[PDB]
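data_22.csv (CSV, N, CA and C atoms) appears below.
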chain,number,residue,atom,x,y,z
A,1,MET,N,7.1,-12.3,-18.4
A,1,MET,CA,5.8,-11.6,-18.4
A,1,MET,C,5.6,-10.8,-17.1
A,2,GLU,N,5.8,-9.6,-17.1
A,2,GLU,CA,5.6,-8.7,-15.9
A,2,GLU,C,4.2,-8.5,-15.6
A,3,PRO,N,3.8,-8.3,-14.3
A,3,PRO,CA,2.4,-8.1,-13.9
A,3,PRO,C,1.9,-6.7,-14.4
A,4,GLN,N,0.6,-6.5,-14.3
A,4,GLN,CA,0.0,-5.2,-14.8
A,4,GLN,C,0.2,-4.2,-13.7
A,5,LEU,N,0.9,-3.1,-13.9
A,5,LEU,CA,1.0,-2.1,-12.8
A,5,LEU,C,-0.1,-1.0,-13.0
A,6,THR,N,-0.7,-0.7,-11.9
A,6,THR,CA,-1.8,0.3,-11.9
A,6,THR,C,-1.5,1.4,-10.9
A,7,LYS,N,-1.8,2.6,-11.2
A,7,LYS,CA,-1.5,3.8,-10.4
A,7,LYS,C,-2.7,4.2,-9.5
A,8,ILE,N,-2.5,4.7,-8.3
A,8,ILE,CA,-3.6,5.1,-7.4
A,8,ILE,C,-4.6,6.0,-8.2
A,9,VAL,N,-4.1,7.0,-8.9
A,9,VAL,CA,-4.9,7.9,-9.6
A,9,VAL,C,-5.6,7.2,-10.8
A,10,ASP,N,-5.1,6.0,-11.1
A,10,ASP,CA,-5.7,5.2,-12.3
A,10,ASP,C,-6.7,4.2,-11.7
A,11,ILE,N,-7.0,4.3,-10.5
A,11,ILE,CA,-8.0,3.3,-9.9
A,11,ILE,C,-9.4,3.5,-10.5
A,12,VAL,N,-10.0,4.6,-10.2
A,12,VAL,CA,-11.4,4.9,-10.8
A,12,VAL,C,-12.2,3.6,-11.0
A,13,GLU,N,-11.9,2.6,-10.2
A,13,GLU,CA,-12.6,1.3,-10.5
A,13,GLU,C,-12.4,0.4,-9.2
A,14,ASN,N,-13.5,0.1,-8.5
A,14,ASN,CA,-13.3,-0.7,-7.3
A,14,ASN,C,-13.5,-2.2,-7.6
A,15,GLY,N,-12.9,-3.1,-6.9
A,15,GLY,CA,-13.0,-4.5,-7.2
A,15,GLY,C,-12.1,-4.8,-8.4
A,16,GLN,N,-11.1,-4.0,-8.6
A,16,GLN,CA,-10.2,-4.3,-9.7
A,16,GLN,C,-9.0,-5.0,-9.3
A,17,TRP,N,-8.5,-6.0,-10.1
A,17,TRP,CA,-7.3,-6.7,-9.7
A,17,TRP,C,-6.1,-6.1,-10.4
A,18,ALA,N,-5.0,-5.8,-9.7
A,18,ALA,CA,-3.8,-5.3,-10.3
A,18,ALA,C,-2.6,-5.4,-9.3
A,19,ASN,N,-1.5,-4.8,-9.7
A,19,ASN,CA,-0.3,-4.8,-8.8
A,19,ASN,C,0.2,-3.4,-8.6
A,20,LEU,N,0.5,-3.0,-7.3
A,20,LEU,CA,1.0,-1.7,-7.1
A,20,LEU,C,2.2,-1.7,-6.1
A,21,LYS,N,3.1,-0.8,-6.2
A,21,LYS,CA,4.3,-0.7,-5.3
A,21,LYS,C,4.2,0.6,-4.5
A,22,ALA,N,4.4,0.6,-3.2
A,22,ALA,CA,4.3,1.8,-2.4
A,22,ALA,C,5.0,1.6,-1.1
A,23,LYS,N,5.3,2.7,-0.4
A,23,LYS,CA,6.0,2.6,0.9
A,23,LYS,C,4.9,2.9,2.0
A,24,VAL,N,5.2,2.5,3.2
A,24,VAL,CA,4.2,2.7,4.3
A,24,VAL,C,4.5,4.0,5.1
A,25,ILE,N,3.8,5.0,4.7
A,25,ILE,CA,4.0,6.3,5.4
A,25,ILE,C,3.6,6.2,6.9
A,26,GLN,N,2.6,5.4,7.2
A,26,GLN,CA,2.2,5.2,8.6
A,26,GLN,C,1.6,3.8,8.8
A,27,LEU,N,1.9,3.3,9.9
A,27,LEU,CA,1.4,1.9,10.2
A,27,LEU,C,0.5,1.9,11.5
A,28,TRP,N,-0.5,1.0,11.6
A,28,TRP,CA,-1.3,1.0,12.8
A,28,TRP,C,-1.6,-0.5,13.2
A,29,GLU,N,-1.1,-0.9,14.3
A,29,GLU,CA,-1.3,-2.3,14.7
A,29,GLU,C,-2.8,-2.5,15.2
A,30,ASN,N,-3.5,-3.3,14.5
A,30,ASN,CA,-5.0,-3.5,14.9
A,30,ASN,C,-5.0,-4.7,16.0
A,31,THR,N,-5.9,-4.5,17.0
A,31,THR,CA,-6.0,-5.5,18.0
A,31,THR,C,-7.3,-6.3,17.8
A,32,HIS,N,-8.1,-5.9,16.9
A,32,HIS,CA,-9.3,-6.7,16.6
A,32,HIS,C,-9.0,-7.9,15.7
A,33,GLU,N,-9.7,-9.0,15.9
A,33,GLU,CA,-9.5,-10.2,15.1
A,33,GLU,C,-9.9,-10.0,13.6
A,34,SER,N,-11.0,-9.2,13.4
A,34,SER,CA,-11.5,-9.0,12.0
A,34,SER,C,-10.4,-8.3,11.2
A,35,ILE,N,-9.7,-7.3,11.8
A,35,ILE,CA,-8.7,-6.5,11.1
A,35,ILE,C,-7.3,-6.9,11.7
A,36,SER,N,-6.3,-7.1,10.9
A,36,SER,CA,-5.0,-7.5,11.4
A,36,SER,C,-4.1,-6.2,11.4
A,37,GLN,N,-4.1,-5.5,10.3
A,37,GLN,CA,-3.2,-4.3,10.3
A,37,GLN,C,-3.8,-3.3,9.3
A,38,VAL,N,-3.6,-2.0,9.5
A,38,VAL,CA,-4.1,-1.0,8.6
A,38,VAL,C,-3.1,0.2,8.6
A,39,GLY,N,-2.9,0.8,7.4
A,39,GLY,CA,-1.9,1.9,7.4
A,39,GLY,C,-2.2,2.7,6.1
A,40,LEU,N,-1.2,3.5,5.7
A,40,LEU,CA,-1.3,4.4,4.5
A,40,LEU,C,-0.2,4.0,3.5
A,41,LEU,N,-0.4,4.1,2.2
A,41,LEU,CA,0.6,3.7,1.2
A,41,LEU,C,1.1,5.0,0.5
A,42,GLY,N,2.3,5.2,0.5
A,42,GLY,CA,2.9,6.5,-0.1
A,42,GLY,C,3.4,6.2,-1.5
A,43,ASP,N,2.6,6.4,-2.5
A,43,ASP,CA,3.0,6.2,-3.9
A,43,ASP,C,3.4,7.5,-4.6
A,44,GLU,N,4.2,7.4,-5.6
A,44,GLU,CA,4.6,8.6,-6.3
A,44,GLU,C,3.5,9.3,-7.0
A,45,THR,N,2.4,8.6,-7.3
A,45,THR,CA,1.2,9.2,-7.9
A,45,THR,C,0.3,9.7,-6.9
A,46,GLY,N,0.5,9.4,-5.6
A,46,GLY,CA,-0.5,9.9,-4.6
A,46,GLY,C,-0.4,9.0,-3.4
A,47,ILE,N,-1.5,8.9,-2.6
A,47,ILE,CA,-1.5,8.1,-1.4
A,47,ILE,C,-2.8,7.4,-1.3
A,48,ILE,N,-2.9,6.3,-0.5
A,48,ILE,CA,-4.2,5.5,-0.4
A,48,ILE,C,-4.1,4.7,0.9
A,49,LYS,N,-5.3,4.5,1.5
A,49,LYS,CA,-5.3,3.7,2.8
A,49,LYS,C,-5.6,2.2,2.4
A,50,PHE,N,-4.9,1.3,3.0
A,50,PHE,CA,-5.2,-0.1,2.7
A,50,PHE,C,-5.3,-0.9,4.0
A,51,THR,N,-6.0,-2.0,4.0
A,51,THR,CA,-6.2,-2.8,5.2
A,51,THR,C,-5.8,-4.3,4.9
A,52,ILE,N,-5.1,-4.9,5.8
A,52,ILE,CA,-4.7,-6.3,5.6
A,52,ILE,C,-5.6,-7.2,6.5
A,53,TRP,N,-6.2,-8.2,5.9
A,53,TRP,CA,-7.1,-9.1,6.6
A,53,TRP,C,-6.3,-10.2,7.3
A,54,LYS,N,-6.8,-10.6,8.5
A,54,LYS,CA,-6.1,-11.7,9.2
A,54,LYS,C,-6.1,-13.0,8.3
A,55,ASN,N,-7.1,-13.2,7.6
A,55,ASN,CA,-7.2,-14.5,6.8
A,55,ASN,C,-6.1,-14.5,5.8
A,56,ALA,N,-5.4,-13.4,5.7
A,56,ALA,CA,-4.2,-13.3,4.7
A,56,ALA,C,-3.0,-13.9,5.3
A,57,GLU,N,-2.9,-13.8,6.7
A,57,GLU,CA,-1.7,-14.3,7.4
A,57,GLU,C,-0.4,-13.7,6.8
A,58,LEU,N,-0.4,-12.4,6.7
A,58,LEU,CA,0.8,-11.8,6.1
A,58,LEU,C,1.6,-11.1,7.3
A,59,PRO,N,2.9,-11.0,7.1
A,59,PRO,CA,3.8,-10.4,8.2
A,59,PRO,C,3.6,-8.8,8.3
A,60,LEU,N,4.0,-8.2,9.3
A,60,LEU,CA,3.8,-6.8,9.5
A,60,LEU,C,4.8,-6.0,8.6
A,61,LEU,N,4.3,-4.9,8.0
A,61,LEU,CA,5.2,-4.1,7.1
A,61,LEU,C,6.1,-3.1,8.0
A,62,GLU,N,7.2,-2.7,7.4
A,62,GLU,CA,8.1,-1.8,8.2
A,62,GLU,C,7.8,-0.3,7.7
A,63,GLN,N,7.6,0.6,8.6
A,63,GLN,CA,7.3,2.0,8.2
A,63,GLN,C,8.6,2.6,7.6
A,64,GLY,N,8.4,3.4,6.5
A,64,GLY,CA,9.5,4.0,5.8
A,64,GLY,C,10.1,3.0,4.8
A,65,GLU,N,9.7,1.8,4.8
A,65,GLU,CA,10.3,0.8,3.9
A,65,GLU,C,9.4,0.7,2.7
A,66,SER,N,10.0,0.3,1.5
A,66,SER,CA,9.2,0.1,0.3
A,66,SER,C,8.6,-1.3,0.3
A,67,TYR,N,7.4,-1.4,-0.2
A,67,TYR,CA,6.7,-2.8,-0.3
A,67,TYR,C,6.1,-3.0,-1.6
A,68,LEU,N,6.1,-4.2,-2.2
A,68,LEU,CA,5.5,-4.5,-3.5
A,68,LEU,C,4.3,-5.3,-3.2
A,69,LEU,N,3.2,-4.9,-3.8
A,69,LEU,CA,1.9,-5.7,-3.5
A,69,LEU,C,1.5,-6.4,-4.9
A,70,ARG,N,1.4,-7.7,-4.9
A,70,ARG,CA,1.0,-8.4,-6.2
A,70,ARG,C,-0.3,-9.1,-5.9
A,71,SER,N,-1.1,-9.2,-7.0
A,71,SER,CA,-2.4,-9.9,-6.9
A,71,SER,C,-3.3,-9.3,-5.8
A,72,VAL,N,-3.6,-8.0,-5.8
A,72,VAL,CA,-4.4,-7.4,-4.8
A,72,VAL,C,-5.7,-6.9,-5.4
A,73,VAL,N,-6.7,-6.6,-4.6
A,73,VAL,CA,-8.0,-6.1,-5.1
A,73,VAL,C,-8.4,-4.8,-4.5
A,74,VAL,N,-9.1,-4.0,-5.2
A,74,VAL,CA,-9.5,-2.6,-4.7
A,74,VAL,C,-10.9,-2.7,-4.0
A,75,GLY,N,-11.0,-2.1,-2.9
A,75,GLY,CA,-12.3,-2.2,-2.1
A,75,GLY,C,-13.0,-0.8,-2.1
A,76,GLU,N,-14.3,-0.8,-2.1
A,76,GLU,CA,-15.0,0.5,-2.1
A,76,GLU,C,-15.3,0.9,-0.7
A,77,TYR,N,-14.6,1.9,-0.2
A,77,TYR,CA,-14.9,2.4,1.2
A,77,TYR,C,-15.7,3.7,1.2
A,78,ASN,N,-16.9,3.6,1.5
A,78,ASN,CA,-17.8,4.8,1.5
A,78,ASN,C,-17.6,5.6,0.3
A,79,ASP,N,-17.1,6.8,0.4
A,79,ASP,CA,-16.9,7.7,-0.7
A,79,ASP,C,-15.4,7.6,-1.2
A,80,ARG,N,-14.6,7.1,-0.3
A,80,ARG,CA,-13.1,7.0,-0.7
A,80,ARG,C,-12.8,5.5,-1.1
A,81,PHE,N,-11.8,5.4,-1.9
A,81,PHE,CA,-11.4,4.0,-2.4
A,81,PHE,C,-10.3,3.5,-1.5
A,82,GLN,N,-10.2,2.2,-1.3
A,82,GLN,CA,-9.1,1.6,-0.5
A,82,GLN,C,-8.6,0.3,-1.1
A,83,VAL,N,-7.4,-0.1,-0.8
A,83,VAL,CA,-6.9,-1.4,-1.3
A,83,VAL,C,-7.0,-2.5,-0.2
A,84,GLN,N,-7.6,-3.6,-0.5
A,84,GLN,CA,-7.8,-4.6,0.5
A,84,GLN,C,-6.8,-5.8,0.1
A,85,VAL,N,-6.0,-6.3,1.1
A,85,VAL,CA,-5.1,-7.4,0.8
A,85,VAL,C,-5.7,-8.7,1.4
A,86,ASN,N,-5.7,-9.7,0.7
A,86,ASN,CA,-6.3,-11.0,1.2
A,86,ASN,C,-5.4,-12.2,0.8
A,87,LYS,N,-5.9,-13.4,0.9
A,87,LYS,CA,-5.1,-14.6,0.5
A,87,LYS,C,-4.7,-14.4,-1.0
A,88,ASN,N,-3.8,-15.3,-1.4
A,88,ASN,CA,-3.3,-15.2,-2.8
A,88,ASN,C,-2.4,-14.0,-3.0
A,89,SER,N,-2.6,-13.0,-2.2
A,89,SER,CA,-1.7,-11.8,-2.3
A,89,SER,C,-0.3,-12.1,-1.9
A,90,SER,N,0.7,-11.3,-2.3
A,90,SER,CA,2.1,-11.5,-1.9
A,90,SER,C,2.7,-10.2,-1.6
A,91,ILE,N,3.8,-10.2,-0.8
A,91,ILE,CA,4.4,-8.9,-0.4
A,91,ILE,C,6.0,-9.1,-0.5
A,92,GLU,N,6.7,-8.2,-1.1
A,92,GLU,CA,8.1,-8.3,-1.2
A,92,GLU,C,8.8,-7.0,-0.9
A,93,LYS,N,9.8,-7.0,-0.1
A,93,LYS,CA,10.5,-5.7,0.3
A,93,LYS,C,11.5,-5.3,-0.9
A,94,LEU,N,11.5,-4.0,-1.1
A,94,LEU,CA,12.4,-3.5,-2.2
A,94,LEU,C,13.5,-2.6,-1.6
A,95,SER,N,14.7,-2.8,-2.2
A,95,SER,CA,15.8,-2.1,-1.7
A,95,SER,C,15.9,-0.7,-2.4
A,96,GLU,N,14.9,-0.4,-3.2
A,96,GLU,CA,14.9,0.9,-3.9
A,96,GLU,C,13.8,1.8,-3.4
A,97,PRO,N,14.0,2.6,-2.4
A,97,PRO,CA,13.0,3.5,-1.8
A,97,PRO,C,12.4,4.4,-2.9
A,98,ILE,N,11.1,4.9,-2.7
A,98,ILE,CA,10.4,5.7,-3.7
A,98,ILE,C,10.5,7.2,-3.2
A,99,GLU,N,10.5,8.1,-4.1
A,99,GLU,CA,10.6,9.5,-3.7
A,99,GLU,C,9.5,9.8,-2.6
A,100,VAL,N,8.3,10.1,-3.0
A,100,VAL,CA,7.3,10.4,-2.0
A,100,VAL,C,7.8,11.5,-1.1
A,101,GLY,N,8.9,12.2,-1.4
A,101,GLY,CA,9.4,13.3,-0.6
A,101,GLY,C,10.3,14.2,-1.5
A,102,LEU,N,9.7,15.1,-2.1
A,102,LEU,CA,10.5,16.0,-3.0
A,102,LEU,C,9.7,17.4,-3.1
A,103,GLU,N,10.3,18.4,-2.5
A,103,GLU,CA,9.7,19.8,-2.5
A,103,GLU,C,10.7,20.8,-2.1
A,104,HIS,N,11.7,20.4,-1.4
A,104,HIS,CA,12.8,21.4,-1.0
A,104,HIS,C,14.1,20.7,-1.0
A,105,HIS,N,15.2,21.4,-1.2
A,105,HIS,CA,16.5,20.8,-1.2
A,105,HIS,C,17.6,21.8,-1.1
A,106,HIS,N,17.9,22.2,0.1
A,106,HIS,CA,18.9,23.3,0.4
A,106,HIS,C,20.3,22.6,0.5
A,107,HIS,N,21.2,23.0,-0.3
A,107,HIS,CA,22.6,22.5,-0.2
A,107,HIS,C,22.5,20.9,-0.1
A,108,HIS,N,22.8,20.4,1.1
A,108,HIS,CA,22.8,18.9,1.2
A,108,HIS,C,22.3,18.6,2.7
A,109,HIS,N,21.5,17.6,2.8
A,109,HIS,CA,21.0,17.2,4.1
A,109,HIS,C,22.2,17.1,5.1
Represent the structure contained in this file as structure tokens.
Amino acid sequence: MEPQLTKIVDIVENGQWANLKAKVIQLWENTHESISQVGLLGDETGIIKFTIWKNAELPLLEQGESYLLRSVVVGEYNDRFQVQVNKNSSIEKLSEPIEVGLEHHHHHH
């Protein structure tokens, strides 16, 4: 039984429980105790900002690396939507990078 996959553009609902896979386009180490880490998630359907709470006790993510987020909840940030990770949540590294980068291709890199 695989988990329910939800797309960023399919959010249109805060406080929703689902599972999403994305890469960290940018990371920011937080020094405040309330917030542990915050960055951006690069999904093939778009991008979204997420924040990890210290009460989650989760390891730091690697920039440019793909990450799988299971059992997460959507938070309502002012006018924009954001994904908040807390306890019960899990994170697994994927050896299959996601596009998030396709617009030009001359000959070969």
I'd like the contact shell of stretch 5-8 of chain A - 8 Å cut-off, only N, CA and C atoms, skipping same-chain residues fewer than 5 positions apart - returned as a ChimeraX atom specification. /A:17-21,43-48
For residue A:35, the nearest of the candidates A:16, A:55, A:4, A:90, counting all atoms listed in the file: A:55
Spatial neighbours of residue A:57, max dist 8 Å, all atoms listed in the file, sep filter under 2 positions, as a PDB file with N, CA and C atoms, in the coordinates of the input:
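Output below, filename out.pdb:
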ATOM      1  N   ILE A  52      -5.100  -4.900   5.800  1.00  0.00           N
ATOM      2  CA  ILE A  52      -4.700  -6.300   5.600  1.00  0.00           C
ATOM      3  C   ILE A  52      -5.600  -7.200   6.500  1.00  0.00           C
ATOM      4  N   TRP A  53      -6.200  -8.200   5.900  1.00  0.00           N
ATOM      5  CA  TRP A  53      -7.100  -9.100   6.600  1.00  0.00           C
ATOM      6  C   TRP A  53      -6.300 -10.200   7.300  1.00  0.00           C
ATOM      7  N   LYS A  54      -6.800 -10.600   8.500  1.00  0.00           N
ATOM      8  CA  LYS A  54      -6.100 -11.700   9.200  1.00  0.00           C
ATOM      9  C   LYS A  54      -6.100 -13.000   8.300  1.00  0.00           C
ATOM     10  N   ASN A  55      -7.100 -13.200   7.600  1.00  0.00           N
ATOM     11  CA  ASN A  55      -7.200 -14.500   6.800  1.00  0.00           C
ATOM     12  C   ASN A  55      -6.100 -14.500   5.800  1.00  0.00           C
ATOM     13  N   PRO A  59       2.900 -11.000   7.100  1.00  0.00           N
ATOM     14  CA  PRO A  59       3.800 -10.400   8.200  1.00  0.00           C
ATOM     15  C   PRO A  59       3.600  -8.800   8.300  1.00  0.00           C
ATOM     16  N   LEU A  60       4.000  -8.200   9.300  1.00  0.00           N
ATOM     17  CA  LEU A  60       3.800  -6.800   9.500  1.00  0.00           C
ATOM     18  C   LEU A  60       4.800  -6.000   8.600  1.00  0.00           C
ATOM     19  N   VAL A  85      -6.000  -6.300   1.100  1.00  0.00           N
ATOM     20  CA  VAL A  85      -5.100  -7.400   0.800  1.00  0.00           C
ATOM     21  C   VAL A  85      -5.700  -8.700   1.400  1.00  0.00           C
ATOM     22  N   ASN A  86      -5.700  -9.700   0.700  1.00  0.00           N
ATOM     23  CA  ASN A  86      -6.300 -11.000   1.200  1.00  0.00           C
ATOM     24  C   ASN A  86      -5.400 -12.200   0.800  1.00  0.00           C
ATOM     25  N   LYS A  87      -5.900 -13.400   0.900  1.00  0.00           N
ATOM     26  CA  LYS A  87      -5.100 -14.600   0.500  1.00  0.00           C
ATOM     27  C   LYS A  87      -4.700 -14.400  -1.000  1.00  0.00           C
TER      28      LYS A  87
END
Leaving out residue A:95 and any residue of its chain fewer than 2 positions from it, which residues lie within 7 Å of it when counting only N, CA and C atoms, given as a PyMOL selection string? chain A and resi 66+93+97
Report as an MDAnalysis selection string all protein, DNA and RNA residues lying within 6 Å of residue A:28, evaluated on all atoms listed in the file, omitting residues in the same chain fewer than 6 positions from it. chainID A and resid 37:39
For atom CA of residue A:51 and atom CA of residue A:98, quote the distance in Å rounded to one decimal.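 That distance, rounded to one decimal, is 20.7 Å.
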Residues of chain A in helix (DSSP H, G or I) according to DSSP, as a list in words?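 Residues of chain A classed as helix (DSSP H, G or I): residues 8, 9, 10, 54, 55 and 56 of chain A.
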What's around residue A:22 at 6 Å? Count all atoms listed in the file, leave out sequence neighbours fewer than 4 positions away in its own chain, and write the answer as a PDB file with N, CA and C atoms, in the coordinates of the input.
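Writing the result to selection-v4.pdb gives the following:
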ATOM      1  N   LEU A  41      -0.400   4.100   2.200  1.00  0.00           N
ATOM      2  CA  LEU A  41       0.600   3.700   1.200  1.00  0.00           C
ATOM      3  C   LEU A  41       1.100   5.000   0.500  1.00  0.00           C
ATOM      4  N   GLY A  42       2.300   5.200   0.500  1.00  0.00           N
ATOM      5  CA  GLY A  42       2.900   6.500  -0.100  1.00  0.00           C
ATOM      6  C   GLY A  42       3.400   6.200  -1.500  1.00  0.00           C
ATOM      7  N   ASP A  43       2.600   6.400  -2.500  1.00  0.00           N
ATOM      8  CA  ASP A  43       3.000   6.200  -3.900  1.00  0.00           C
ATOM      9  C   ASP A  43       3.400   7.500  -4.600  1.00  0.00           C
ATOM     10  N   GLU A  65       9.700   1.800   4.800  1.00  0.00           N
ATOM     11  CA  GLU A  65      10.300   0.800   3.900  1.00  0.00           C
ATOM     12  C   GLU A  65       9.400   0.700   2.700  1.00  0.00           C
ATOM     13  N   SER A  66      10.000   0.300   1.500  1.00  0.00           N
ATOM     14  CA  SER A  66       9.200   0.100   0.300  1.00  0.00           C
ATOM     15  C   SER A  66       8.600  -1.300   0.300  1.00  0.00           C
ATOM     16  N   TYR A  67       7.400  -1.400  -0.200  1.00  0.00           N
ATOM     17  CA  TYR A  67       6.700  -2.800  -0.300  1.00  0.00           C
ATOM     18  C   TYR A  67       6.100  -3.000  -1.600  1.00  0.00           C
ATOM     19  N   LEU A  68       6.100  -4.200  -2.200  1.00  0.00           N
ATOM     20  CA  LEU A  68       5.500  -4.500  -3.500  1.00  0.00           C
ATOM     21  C   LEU A  68       4.300  -5.300  -3.200  1.00  0.00           C
ATOM     22  N   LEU A  69       3.200  -4.900  -3.800  1.00  0.00           N
ATOM     23  CA  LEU A  69       1.900  -5.700  -3.500  1.00  0.00           C
ATOM     24  C   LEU A  69       1.500  -6.400  -4.900  1.00  0.00           C
TER      25      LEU A  69
END
Hey, what does DSSP flag as strand (DSSP E or B) within chain A? Can you give it to me as a ChimeraX atom specification? /A:5,17-29,35-43,46-53,66-77,80-85,90-94
Best match for closeness to residue A:29 among A:88, A:75, A:106, A:63, counting only C-alpha atoms: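 Ranking A:88, A:75, A:106, A:63 by distance to residue A:29, first place goes to A:63.
Between atom CA of residue A:100 and atom CA of residue A:30 lies a distance of 25.1 Å.
Our summary of the geometry notes that atom N of residue A:40 is positioned 14.0 Å from atom CA of residue A:80.
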